[PDB]
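Report on one structure; see the data block that follows.
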Amino acid sequence: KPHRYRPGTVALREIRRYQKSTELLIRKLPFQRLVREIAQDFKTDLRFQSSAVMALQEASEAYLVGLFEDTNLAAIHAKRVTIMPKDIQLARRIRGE
Amino acid sequence: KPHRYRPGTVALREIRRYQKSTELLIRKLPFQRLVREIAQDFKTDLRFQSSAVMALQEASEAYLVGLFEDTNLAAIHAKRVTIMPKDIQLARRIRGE
Amino acid sequence: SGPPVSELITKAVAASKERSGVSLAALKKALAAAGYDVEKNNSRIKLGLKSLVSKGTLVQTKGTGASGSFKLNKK
Amino acid sequence: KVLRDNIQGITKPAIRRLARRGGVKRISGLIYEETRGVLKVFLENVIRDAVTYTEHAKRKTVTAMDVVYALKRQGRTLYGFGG
Amino acid sequence: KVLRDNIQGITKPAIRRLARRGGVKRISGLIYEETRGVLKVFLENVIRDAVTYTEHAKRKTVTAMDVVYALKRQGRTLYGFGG
DNA sequence: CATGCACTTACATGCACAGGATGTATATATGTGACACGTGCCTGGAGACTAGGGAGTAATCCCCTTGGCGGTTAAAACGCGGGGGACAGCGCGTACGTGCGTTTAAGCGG
DNA sequence: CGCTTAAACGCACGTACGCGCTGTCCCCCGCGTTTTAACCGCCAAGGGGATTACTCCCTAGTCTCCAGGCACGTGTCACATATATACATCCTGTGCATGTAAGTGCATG
């Protein structure tokens, strides 16, 4: 038979990898494009330092990750291992948003 | 036959009452005793303006009440109605305490 | 009117005959397919299955009471 | 002169009243003392700063605007006693 | 120049990568678009602040200095950009 | 004569609805003190002038940002079995709501 | 320090609640395959951030003055509390429909 890992094994492996890793996890160009897209909504013809875009990427990834550990805490608190939309909604509301 | 309400009915009735009421739910003098006890553990012979003790009071149950809506949302999130101390631990950890 | 729920339950347990017994959810789906308003008769099906367990006609495989799997007697 | 036990001065019915204000209808028995510890933690977290302000004012008696300061440090700003 | 659907540019496996860094073992299928909306709302808050800083600077060029001002204003202070 | 079967009848169980209790809601009484307003006042806000310096503005330039092509895959996406996980149901044994008398200690007040 | 009374406290007792078991469907996940666009690498444009220079608009500061709001005092009605009454609601007793079990007469082997 061809090799096949059981579910969660690769998931735990990449959990260990991305906890070990430090790099950004989303692609640079579509993120910059989205940043320009949404900043255009407030005021027109905005130019961006790439450092500003990388700072937005970093702060966004860290904010999302912290929300994800809160989601994990809610899920294990809900006696589940699969995260759920109500977990993120709860975590946002507990944080106060 | 002596009347007896089913469980939750009374508890909901004073839930509605205390949500209506604004009065302070803490025996004032034992609370002042606890304030002087804890403050004496850092500095001896501490004297208190009563208004300061009062302000410490409504700050205290402001924190406590907000904790209880957080934990109540956590408990109904876990499909339960009886609150557990692990809900309180979850709320404290998510708030970053 | 028709026959009671007991014929429905024994038809549900004789329909499949898995190595494990038929479950409560599986028998409810079997009676829903066969035709019965099981949504209001959950207490009715529970009392009927428990009664026929007490007759010795059925033996509960793994669960206790109305939970778990349910399989017919030796004969 | 010194005090040893006033954490039990926050009685179980008082905690029950607060939970009813919190909308909690059913409370475990394990709740009360753990909540006493949590609120106590909040208490030295505020009163350490309050004492620090009080001594830095060269006062021996705690005053209320010092409490107002110490509460807005924790992101817990209180209205009705500032000034 | 004019772009529309770059919220989907934050792709689903990128969300999975963020979740695995977040210690998530299993992700529901409904998660990704919700998180897209959440990161959205967060980002127009912070870049609305950044835009307001930049127009106050009489600039059309967004600086990371303005960005770190915005992030510390929302209590999410970031280190490493000249602050 | 006995026996299966059907029929009929009695009993157990789940559901509906009336009925009281009661705690809350609804109506004045009052007397009070908090609240709202008159009054002295002084100090803090304002008027005239000044000096000088911070900010607004012109230039420019150059550096940094924007715009564009082409490999180059890594990554994104698509699909598919298939296990693992959310989740419904149930039993059940419990811990906690509810009720009630007690002591005490909270609270007034001086 | 004394009075008072409600709150706490503790016990009784039912019931509903966590919650573990079982099972069941189905949901993402691992494993590929395709595909596509991210990125790097390079190159050209220009523009506006920043910098310097010059200027002058404004404002902090000073002297003078006076009135705005604050402390103080004092009447006064809003409403907290009290009392009497109405109704919502909630449990609960009871009556009904339905399911089920049992006896039994009747057709039949």
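Here, A, B, ... name the chains of the structure tokens in the order displayed, residue numbers run from 1 inside each chain, and ligands are numbered from 1 in the same displayed order.
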
Find the residues around region 18-22 of chain A up to 7 Å (only C-alpha atoms (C1' of nucleotides) counted), leave out those fewer than 2 positions away in its own chain, and share them as a VMD selection string.
-> (chain A and resid 14 to 16 24) or (chain E and resid 20 to 21)

Could you tell me, as JSON, numbers by chain, which residues of chain C DSSP assigns to strand (DSSP E) when given the backbone?
-> {"C": [22, 23, 58, 59, 60, 69, 70, 71, 72]}

Export, as a JSON list (two decimals), in the first residue's frame, the selected residues with C-alpha atoms.
[["chain", "number", "residue", "atom", "x", "y", "z"],
["C", 22, "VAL", "CA", -28.95, -2.15, 16.48],
["C", 23, "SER", "CA", -28.76, 1.19, 18.24],
["C", 58, "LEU", "CA", -33.94, -8.58, 23.40],
["C", 59, "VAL", "CA", -30.56, -8.21, 25.09],
["C", 60, "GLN", "CA", -28.79, -4.86, 25.26],
["C", 69, "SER", "CA", -26.89, -1.15, 20.98],
["C", 70, "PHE", "CA", -29.74, -3.65, 21.11],
["C", 71, "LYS", "CA", -29.86, -7.21, 19.77],
["C", 72, "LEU", "CA", -32.37, -10.05, 19.80]]

Return as a ChimeraX atom specification the residues belonging to chain D that are within 9 Å of chain B, counting only C-alpha atoms.
-> /D:2-11,14-15,17-32,34-35,38-40,42-44,46-48,51,60-68,71,76-78,80-81

Using only C-alpha atoms (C1' of nucleotides), determine which residues of chain G fall within 12 Å of chain B; present them as a PDB file with C-alpha atoms (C1' of nucleotides), in the first residue's frame.
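Written out: iface-v2.pdb:
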ATOM      1  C1'  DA G   7     -28.845  38.132  56.884  1.00  0.00           C
ATOM      2  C1'  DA G   8     -26.322  34.218  57.236  1.00  0.00           C
ATOM      3  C1'  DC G  13     -35.241  17.594  50.690  1.00  0.00           C
ATOM      4  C1'  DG G  14     -36.427  17.270  45.973  1.00  0.00           C
ATOM      5  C1'  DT G  15     -34.926  17.621  41.061  1.00  0.00           C
ATOM      6  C1'  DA G  16     -32.540  18.722  37.286  1.00  0.00           C
ATOM      7  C1'  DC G  17     -27.789  18.652  35.481  1.00  0.00           C
ATOM      8  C1'  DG G  18     -23.243  17.303  34.385  1.00  0.00           C
ATOM      9  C1'  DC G  19     -21.848  14.111  32.191  1.00  0.00           C
ATOM     10  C1'  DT G  89     -47.377  33.801  36.869  1.00  0.00           C
ATOM     11  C1'  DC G  90     -46.310  29.580  38.357  1.00  0.00           C
ATOM     12  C1'  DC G  91     -47.070  25.451  40.297  1.00  0.00           C
ATOM     13  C1'  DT G  92     -50.405  22.046  40.859  1.00  0.00           C
TER      14       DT G  92
END

List every residue of region 13-71 of chain B that DSSP, applied to the backbone of this structure, places in alpha helix (DSSP H), and write the result as a ChimeraX atom specification.
-> /B:13-20,28-40,50-71

If you keep C-alpha atoms, can you produce a file of those selected residues as a PDB file, in the first residue's frame?
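This is the output file part34.pdb:
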ATOM      1  CA  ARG B  13     -36.712  36.168  39.970  1.00  0.00           C
ATOM      2  CA  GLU B  14     -33.883  37.680  41.976  1.00  0.00           C
ATOM      3  CA  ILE B  15     -31.804  37.725  38.769  1.00  0.00           C
ATOM      4  CA  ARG B  16     -34.445  40.108  37.455  1.00  0.00           C
ATOM      5  CA  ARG B  17     -34.522  41.918  40.802  1.00  0.00           C
ATOM      6  CA  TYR B  18     -30.774  42.491  41.050  1.00  0.00           C
ATOM      7  CA  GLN B  19     -30.594  43.437  37.388  1.00  0.00           C
ATOM      8  CA  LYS B  20     -33.261  46.001  38.249  1.00  0.00           C
ATOM      9  CA  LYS B  28     -19.934  46.765  53.965  1.00  0.00           C
ATOM     10  CA  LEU B  29     -18.195  46.295  57.314  1.00  0.00           C
ATOM     11  CA  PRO B  30     -16.709  42.802  56.596  1.00  0.00           C
ATOM     12  CA  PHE B  31     -15.495  44.207  53.285  1.00  0.00           C
ATOM     13  CA  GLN B  32     -13.831  47.087  55.141  1.00  0.00           C
ATOM     14  CA  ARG B  33     -12.283  44.517  57.484  1.00  0.00           C
ATOM     15  CA  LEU B  34     -10.844  42.651  54.492  1.00  0.00           C
ATOM     16  CA  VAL B  35      -9.513  45.903  53.004  1.00  0.00           C
ATOM     17  CA  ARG B  36      -7.745  46.855  56.225  1.00  0.00           C
ATOM     18  CA  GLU B  37      -6.416  43.300  56.604  1.00  0.00           C
ATOM     19  CA  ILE B  38      -4.941  43.122  53.109  1.00  0.00           C
ATOM     20  CA  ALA B  39      -3.609  46.686  53.176  1.00  0.00           C
ATOM     21  CA  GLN B  40      -1.989  46.052  56.562  1.00  0.00           C
ATOM     22  CA  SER B  50     -14.784  55.633  53.889  1.00  0.00           C
ATOM     23  CA  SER B  51     -15.427  56.913  50.363  1.00  0.00           C
ATOM     24  CA  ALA B  52     -12.205  55.221  49.262  1.00  0.00           C
ATOM     25  CA  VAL B  53     -13.457  51.952  50.761  1.00  0.00           C
ATOM     26  CA  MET B  54     -16.758  52.463  48.955  1.00  0.00           C
ATOM     27  CA  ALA B  55     -15.013  53.104  45.632  1.00  0.00           C
ATOM     28  CA  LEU B  56     -12.885  49.995  46.166  1.00  0.00           C
ATOM     29  CA  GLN B  57     -16.181  48.193  46.712  1.00  0.00           C
ATOM     30  CA  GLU B  58     -17.997  49.099  43.482  1.00  0.00           C
ATOM     31  CA  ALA B  59     -14.771  48.567  41.557  1.00  0.00           C
ATOM     32  CA  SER B  60     -14.569  45.107  43.135  1.00  0.00           C
ATOM     33  CA  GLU B  61     -18.002  43.902  42.202  1.00  0.00           C
ATOM     34  CA  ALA B  62     -17.752  45.651  38.837  1.00  0.00           C
ATOM     35  CA  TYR B  63     -14.853  43.307  38.142  1.00  0.00           C
ATOM     36  CA  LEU B  64     -16.692  40.381  39.724  1.00  0.00           C
ATOM     37  CA  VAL B  65     -19.950  40.920  37.824  1.00  0.00           C
ATOM     38  CA  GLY B  66     -18.201  41.329  34.469  1.00  0.00           C
ATOM     39  CA  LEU B  67     -16.332  38.141  35.286  1.00  0.00           C
ATOM     40  CA  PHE B  68     -19.661  36.420  35.908  1.00  0.00           C
ATOM     41  CA  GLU B  69     -21.193  37.386  32.572  1.00  0.00           C
ATOM     42  CA  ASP B  70     -17.953  36.203  30.956  1.00  0.00           C
ATOM     43  CA  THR B  71     -18.136  32.873  32.772  1.00  0.00           C
TER      44      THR B  71
END

Just how far from CA of residue 74 (chain C) is CA of residue 16 (chain C), in Å to one decimal?
->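 Atom-to-atom, CA of residue 16 (chain C) to CA of residue 74 (chain C), that is 15.7 Å.
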
Å distance separating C1' of residue 81 (chain F) from CA of residue 12 (chain E), one decimal place |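 Those two atoms sit 21.5 Å apart.
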
Given a cut-off of 7 Å, which residues of chain B touch chain A, counting only C-alpha atoms, written out as a ChimeraX atom specification?
-> /B:70,77-78,94-95

Restrict the distance test to only C-alpha atoms (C1' of nucleotides), flag each residue of chain G within 10 Å of chain E, and return the flagged residues as a ChimeraX atom specification.
-> /G:27-29,48-49

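When chain D serves as the reference and chain E is fitted to it on all C-alpha atoms, the deviation left is 0.7 Å RMSD.
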